[PDB]
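Peer 1: Protein chains in written order, with PDB author numbering: chain A, 398 to 481; chain B, 313 to 397; chain C, 58 to 142.
No residue lacks a Cβ here, since even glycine has one placed at the ideal position from N, Cα and C.
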Amino acid sequence: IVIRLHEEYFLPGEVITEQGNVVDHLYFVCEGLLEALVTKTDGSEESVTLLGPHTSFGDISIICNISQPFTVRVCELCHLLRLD
Amino acid sequence: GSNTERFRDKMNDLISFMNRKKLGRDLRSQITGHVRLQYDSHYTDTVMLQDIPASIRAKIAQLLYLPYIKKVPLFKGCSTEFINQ
Amino acid sequence: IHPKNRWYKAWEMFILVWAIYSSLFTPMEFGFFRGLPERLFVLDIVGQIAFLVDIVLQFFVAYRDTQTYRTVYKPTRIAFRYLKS
Numbered sequence: 398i399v400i401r402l403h404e405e406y407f408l409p410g411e412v413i414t415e416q417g418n419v420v421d422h423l424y425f426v427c428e429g430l431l432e433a434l435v436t437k438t439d440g441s442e443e444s445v446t447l448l449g450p451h452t453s454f455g456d457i458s459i460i461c462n463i464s465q466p467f468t469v470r471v472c473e474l475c476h477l478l479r480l481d
Numbered sequence: 313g314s315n316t317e318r319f320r321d322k323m324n325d326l327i328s329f330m331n332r333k334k335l336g337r338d339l340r341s342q343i344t345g346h347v348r349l350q351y352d353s354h355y356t357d358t359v360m361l362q363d364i365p366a367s368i369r370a371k372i373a374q375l376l377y378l379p380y381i382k383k384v385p386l387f388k389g390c391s392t393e394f395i396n397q
Numbered sequence: 058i059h060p061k062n063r064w065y066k067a068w069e070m071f072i073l074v075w076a077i078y079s080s081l082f083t084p085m086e087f088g089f090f091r092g093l094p095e096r097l098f099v100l101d102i103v104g105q106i107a108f109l110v111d112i113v114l115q116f117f118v119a120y121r122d123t124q125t126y127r128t129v130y131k132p133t134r135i136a137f138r139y140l141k142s
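Encoded structure:
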């Protein structure tokens, strides 16, 4: 998995993964902080987890074989490693 | 230089090649139109749009191409989530 | 204060004008004048006070780090960088 990886930097305000669309790349967080966000059935977005250190998201979609449980938007400049 | 220079260079070389052999004005027209299209800003759009993460490209696509793909009859699955996919 | 603040930008333009004037005038004061005629007192005084005001504002303006690309607001760190450079 390491020999096939790429890094990327996202400025605040961006969205890395939307809950609606299926995952195609899962991102391992190595620096920065970012927030997990399930589209709330109330008509809003609420807040779940603040994934800052040595954490990944999108894998649970690759295991459950369903759509992304949470939309994930950035918080600050984050050094993310990405695998398809 | 600039793209307006690459166009003119390629066209000058063609013109040399074509008039050297006395080809013909109709194929001259086809040739000129062809080079005109591949030497404009429109023929590199998919080329530069290769490094934008994907997230922003997603919004550019959903802002530009959405009505075109939505107006096709084949796609009557009615799931606009499937359509945005 | 972050650098993108409007008033800091206007002050930066003002201090740029004063810096241009001082850079153009200092060789001419050094060469053609030994001492100065008394008619040029207030000019030098106000120039020096303007650059002292520049020194303080600078003691307080924040910046952006280069290695981490994260903006740094640590007042001790901005003071240390200003002392260093």
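Between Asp122/C and the rest of its own chain, which residues show a CB-CB distance below 8 Å, the 5 nearest in sequence each way excluded?
Peer 2: Translated into the one-based positions of the third sequence, residue 122/C becomes position 65. Closer than 8 Å at Cβ, skipping near neighbours: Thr128, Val129.
Peer 1: Tell me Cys475/A's beta-bridge partners as DSSP assigns them.
Peer 2: Residue numbering aside, residue 475/A sits at position 78 when the first sequence is read from its first letter. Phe407/A.
Peer 1: Give me the chain B residues within the contact set of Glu411/A, using Cβ-Cβ distance strictly less than 9 Å, ordered along the chain.
Peer 2: Here residue 411/A corresponds to residue number 14 of the first sequence, with the count starting at 1. What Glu411/A touches in chain B: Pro365, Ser367, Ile368.
Peer 1: Note down the Cα distance separating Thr446/A from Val399/A, rounded to an integer number of angstroms.
Peer 2: By one-based count along the first sequence, residue 446/A stands at place 49. By one-based count along the first sequence, residue 399/A stands at place 2. A straight-line Cα-Cα distance of about 26 Å links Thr446/A and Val399/A.
Peer 1: For the beta strand (DSSP E) holding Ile413/A, just list the boundary residues, first then last.
Peer 2: For the purposes of this step, residue 413/A is taken as the residue at position 16 of the first sequence. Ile413/A -> beta strand (DSSP E) spans 412-414.
Peer 1: Got a sec: which bits of the segment 409-437 of chain A sit with their beta carbon under 9 Å from any beta carbon on chain B, in order along the chain?
Peer 2: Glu411, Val412, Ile413, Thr414, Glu415, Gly417, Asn418, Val419, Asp421, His422
Peer 1: Find the nearest neighbour of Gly429/A within the set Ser458/A, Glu404/A, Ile457/A, judged by alpha-carbon distance.
Peer 2: Position 32 of the first sequence, counting from 1, holds the residue named residue 429/A. Measuring from the Cα of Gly429/A, the nearest candidate turns out to be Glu404/A.
Peer 1: Please give the ranges of any alpha helix (DSSP H) in the segment 71-122 of chain C, keeping only runs that are unbroken, at least 4 residues long and fully inside the region.
Peer 2: 98-117
Peer 1: So, does the CB of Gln350/B fall closer than 7 Å to a CB anywhere in chain A?
Peer 2: Within the second sequence, numbered from 1, the residue matching residue 350/B stands at position 38. It does not: the Cβ of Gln350/B has no partner Cβ on chain A nearer than 7 Å.
Peer 1: Considering only C-alpha positions, which residue in the set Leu402/A, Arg401/A, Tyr406/A is nearest to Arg470/A?
Peer 2: Mapped onto the first sequence, residue 470/A falls at position 73. When each option's Cα is compared against that of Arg470/A, the closest is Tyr406/A.
Peer 1: Going by DSSP, name the residue or residues bridged to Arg63/C.
Peer 2: If you number the third sequence from 1, residue 63/C lands on position 6. Here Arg63/C is not bridged, per DSSP, to any residue.
Peer 1: Residues of chain A with CB closer than 9 Å to the CB of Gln397/B, please, in chain order.
Peer 2: Locating residue 397/B in the second sequence gives position 85, where the first residue counts as 1. Going along chain A in sequence order, the residues near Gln397/B (Cβ under 9 Å) are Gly417, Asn418, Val419.
Peer 1: Which stretch, first to last residue, makes up the beta strand (DSSP E) that contains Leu431/A?
Peer 2: Position 34 of the first sequence holds residue 431/A. Counting along the chain, the beta strand (DSSP E) containing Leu431/A begins and ends at 431-434.
Peer 1: Per DSSP, which residues does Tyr424/A bridge with? Please list them.
Peer 2: The sequence position of residue 424/A within the first sequence is 27, counting from 1. DSSP, once it has assigned bridges, lists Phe454/A, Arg479/A as partnering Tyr424/A.
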